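Only one chain is shown below, in structure tokens, and it's the form deposited in one PDB entry.
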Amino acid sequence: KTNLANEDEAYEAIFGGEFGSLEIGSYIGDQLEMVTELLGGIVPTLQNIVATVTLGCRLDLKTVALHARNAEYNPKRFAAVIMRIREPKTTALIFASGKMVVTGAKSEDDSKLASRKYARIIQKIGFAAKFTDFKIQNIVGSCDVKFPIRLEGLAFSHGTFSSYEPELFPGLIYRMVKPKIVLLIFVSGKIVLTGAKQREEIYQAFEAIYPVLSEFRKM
């Protein structure tokens, strides 16, 4: 009963995954591939930022798709226009309602700036679009503690906060409480941090987890 040519169902899909908008690449094109792409004196690094913009006016996606340069619109597959720009290299999903979702940036400034570009593009085509309600919805961070994790022991010891689920992910899924951050922990020591609303939460989730990962070093 999942229809992605529906608008209410296609927007809700981007944020309703197991990992919410971490999975946003599957709607602009594997489960394991989506995570591992987000890797490529230890300090985390921002790998993606998902933002939402309300453009304000009803949009005719056939028109938008026609006049946009690098753009794709198959309304049977997914119910939005897929537009891309080259700097900040990003991707936007533009709905019939003027809602817009903007992914690909790696700074909070690139996210807001890219979003302003997509909005201006849509105006220039000929719409009463105004850039409003810019919110950052998710920030994905990555980390590499550069030493291997005894995941099988961390899964037992922190079973309250952990799962091993090969179907979803080949490593450990750490659901941290404060801050509410899911850490995807690889056996090699690389980590993918998601859920964050501000970058502070990425560093906090990392500072919290580094002493835990140390206790579980494989030697």
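Numbers for residues come from their place in the sequence shown, where the first is 1.
Asker: Can you say how many deposited residues have no coordinates in the span between residue 166 and residue 167, choosing none, 1 to 3, 4 to 9, or 10 or more?
Answerer: Missing in between: none.
Asker: Please figure out whether residue 29 and residue 30 are truly consecutive in the deposited sequence or have unmodelled residues between them, and give none, 1 to 3, 4 to 9, or 10 or more.
Answerer: Going from residue 29 to residue 30, the model skips 4 to 9 residues of the deposited sequence.
Asker: Can you let me know which of the two, 101-109 or 70-78, has the higher average C-alpha B-factor in the entry?
Answerer: According to the PDB entry, the answer is 70-78.
Asker: Which is higher on mean Cα B factor in this entry, 15-23 or 201-209?
Answerer: Averaging CA B-factors over each stretch, the winner is 15-23.
Asker: From 140, 143, 96, 121, can you pick the one with the highest C-alpha B factor in the entry?
Answerer: Max CA B-factor in the entry, restricted to 140, 143, 96, 121: 96.
Asker: Among the modelled residues of its chain, does the C-alpha B-factor of residue 65 lie in the lowest, middle or highest third?
Answerer: Top third by C-alpha B-factor.
Asker: Tell me, lowest, middle or highest third: where does the Cα B factor of residue 150 rank within its chain?
Answerer: Answer is middle: the recorded C-alpha B-factor places it there.
Asker: Please place residue 55 in the lowest, middle or highest third of its chain by C-alpha B factor as given in the entry.
Answerer: It belongs to the middle third of the chain when residues are ordered by C-alpha B-factor.
Asker: Among all modelled residues of this chain, ranked by Cα B factor, put residue 84 in the bottom, middle or top third, i.e. lowest, middle or highest.
Answerer: Ranked within chain, residue 84 CA B lands in the middle tercile.
Asker: Where does the C-alpha B-factor of residue 49 rank in its chain, lowest, middle or highest third?
Answerer: CA B-factor rank for residue 49: lowest third.
Beyond the structure shown, there is the form deposited with a partner chain bound, which is absent from this document and is the topic of what follows.
Asker: The partner chain in the deposited complex: within 4.5 Å of a heavy atom of each of 77, 135 and 207?
Answerer: Not a single listed residue reaches the partner chain in the deposited complex, so no.
Asker: Closest heavy atom of residue 161 to the partner chain in the deposited complex, within 4.5 Å or not?
Answerer: No.
Asker: Test of understanding: in the deposited complex, would residue 63 fall inside 4.5 Å of the partner chain by heavy atoms?
Answerer: So residue 63 does not count as contacting the partner chain.
Asker: Any chance residue 157 has a heavy atom within 4.5 Å of the partner chain in the deposited complex?
Answerer: No.
Asker: Can any non-hydrogen atom of residue 69 be found within 4.5 angstroms of the partner chain in the deposited complex?
Answerer: Yes.
Asker: Among the candidate residues 140, 101, 149, 105, which is the single one with a non-hydrogen atom no more than 4.5 Å from the partner chain in the deposited complex?
Answerer: Residue within 4.5 Å of the partner: 140.
Asker: Within 4.5 Å, heavy atoms only, which of 179, 189, 56, 170 is in contact with the partner chain in the deposited complex?
Answerer: Contact with the partner chain in the deposited complex is made by 170 alone.
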